[PDB]
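> For reference, the structure I am asking about is given below.
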There are 18 protein chains.
Amino acid sequence: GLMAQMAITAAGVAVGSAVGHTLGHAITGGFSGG
Amino acid sequence: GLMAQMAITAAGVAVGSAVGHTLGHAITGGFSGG
Amino acid sequence: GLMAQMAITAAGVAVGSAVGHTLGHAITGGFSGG
Amino acid sequence: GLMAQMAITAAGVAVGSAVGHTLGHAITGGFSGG
Amino acid sequence: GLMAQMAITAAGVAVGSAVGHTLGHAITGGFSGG
Amino acid sequence: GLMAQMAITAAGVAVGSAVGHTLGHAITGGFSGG
Amino acid sequence: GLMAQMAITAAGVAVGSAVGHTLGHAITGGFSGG
Amino acid sequence: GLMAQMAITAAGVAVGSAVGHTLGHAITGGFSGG
Amino acid sequence: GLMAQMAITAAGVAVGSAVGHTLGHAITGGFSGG
Amino acid sequence: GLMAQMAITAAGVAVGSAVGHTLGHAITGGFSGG
Amino acid sequence: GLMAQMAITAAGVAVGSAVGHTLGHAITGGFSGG
Amino acid sequence: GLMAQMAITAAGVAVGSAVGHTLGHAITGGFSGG
Amino acid sequence: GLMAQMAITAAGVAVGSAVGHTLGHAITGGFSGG
Amino acid sequence: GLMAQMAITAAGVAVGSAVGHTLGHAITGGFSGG
Amino acid sequence: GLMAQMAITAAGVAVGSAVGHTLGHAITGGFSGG
Amino acid sequence: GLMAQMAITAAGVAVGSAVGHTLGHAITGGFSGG
Amino acid sequence: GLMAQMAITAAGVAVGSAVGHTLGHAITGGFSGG
Amino acid sequence: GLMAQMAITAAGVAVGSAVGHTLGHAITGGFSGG
């Protein structure tokens, strides 16, 4: 029984082009993870 | 019995082009994950 | 018995072009996940 | 017996073009997921 | 016996073009999922 | 015996063009899913 | 039973080109991880 | 039962080109990890 | 049961070219790791 | 002005079960394609 | 003006089960493609 | 103007199970491709 | 103007299970590719 | 103008299980590639 | 204008399990590549 | 204009398990590469 | 214009386990490379 | 214009475990490289 607060599971990834945010956390301001 | 607060499961991914946010968390402001 | 608060399961993904938000969380303001 | 608060299951995905929000959560304001 | 609060099951997806919201949650205001 | 609060099951999907909301939840205001 | 506050699991990654943020944490402002 | 505050697990990585932030922490401002 | 405050685990890495920040911590301002 | 000697264009495909020949060429004997 | 001697274009494919030949060339005997 | 003697273009592929020949060339005997 | 004697282009591939020949050339006997 | 005698282009590959031949050349007998 | 007698181009590969031949040349008998 | 008699180009490779032949040449008998 | 009689180009390789032949030449019998 | 009779180019290699032949030449019998 595993837990993931933020999970992005992509086994096969092939990106020809990606301008800007890509598969990440663009967090701004606040985030209460405690 | 696993739990995922934010899950994006994409086994086969092939992106020709993606300008801007792509498969991520563009979180702004607040998020209570505790 | 697994649980997913936010689940986007896409086995085969092929995106020719995607300008803007794509398969993500554009969360703004608040979100009570506790 | 699995549970999914937000589920978008799309086995075969092929997007020629998608400008704007696409297969995601454009959540603004509030969301009580606790 | 599985449960899905929000389910969009589309096995074969082929989108030539989709401007705007597409196969997602454009949630604004509030949502009591607890 | 499965249950789906919001179910949109479309096996074969082929969208030539779709401007605006498409196969999603344009929820505004409130929704009591608890 | 493992836990991941921020998890991005991508087994096979092949990026032809990616200008800007890519598979990371662009955190600005604050983040309460304690 | 392992825990990862920030985890980016990518077994096979092959980047043809990546200008800018790539698979890292572009943290600015503050971050409470204690 | 191991813990990693900042973990970037990439078994196989092959970077053809990467101009700028790459697989690191571009921390500016503050970070409370105590 | 494109030409296709054998064309089977099916944008959205969802096959629950298919025992035997399925969406292919079961060519036996001869075929003069020159 | 492209040409395809044998073309099977299926953008979105989702096969639950397929016993036997599936989306291929079961060529036996001869085929003059010169 | 491209040409493909044998083309099977399937952007999004998701195969739950496939016993036997699947998306290939089961060529036996002869084939004149010169 | 590219040419492919045997082309199987599948951008997004996700195979749950495949016993036997899968996305290949099971060539037996002869094949004149000169 | 490139040429490929045997081409199997699969950008995003994710194989859960594959017993037997998989994405290869099971050539037996003869093959005239000169 | 490049040429490939045997080409298997798979950008993103993620194999959970593969018993037997996998992405190779199981050539037996003869092959005239001169 | 490069040439490859046997080419298997896989940028991102992640193999959980592979018993037997894997991404190689199991050549037996003869092969005329001169 | 380079030539490769036997080429296996895999930029990012991550093998969890591989019992038996793996990314090599299991040549037995004969091979005419002159 | 370089030539490689046997080339296995793997930039990033990370092998957790590999019992048996691994990234080599298990040549038995004969090989005419002159």
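Using ideal geometry, Cβ is built from the backbone for each residue, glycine included, and neighbour counts are taken over all protein chains shown. Every number in this text was worked out from the coordinates using simple rules, so none of it is lab data.
> Restricting attention to segment D:10-34, report how many residues are within 19 Å of C:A26 (Cα to Cα) and within 14 Å of chain K (Cβ to nearest Cβ).
2
> Only residues that are more than 22 Å from H:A11 (Cβ to Cβ), surrounded by fewer than 18 Cβ atoms within 10 Å (Cβ to Cβ) and without any contact (Cβ under 8 Å) to a residue 24 or more places away in the chain: list them for segment R:8-34, please.
Passing the criteria: R:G24, R:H25, R:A26, R:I27, R:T28, R:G29, R:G30, R:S32, R:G34.
> Which residues, taken from segment G:16-34, are under 14 Å from B:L23 (Cα atoms) and either acidic (D, E) or assigned to a strand (DSSP E or B) (or both)?
Within segment G:16-34, G:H25 is the sole residue that qualifies.
> Find the residue count for segment F:1-15, including only residues that are assigned to a strand (DSSP E or B) and under 13 Å from the mean Cα position of the chain (by Cα).
Applying the first criterion (assigned to a strand (DSSP E or B)) to segment F:1-15 yields F:3-4, F:7-9, F:12-15.
Restricting the remaining residues to those that are under 13 Å from the mean Cα position of the chain (by Cα) gives F:4, F:7-9.
Residues in segment F:1-15 being assigned to a strand (DSSP E or B) and under 13 Å from the mean Cα position of the chain (by Cα): 4 in total.
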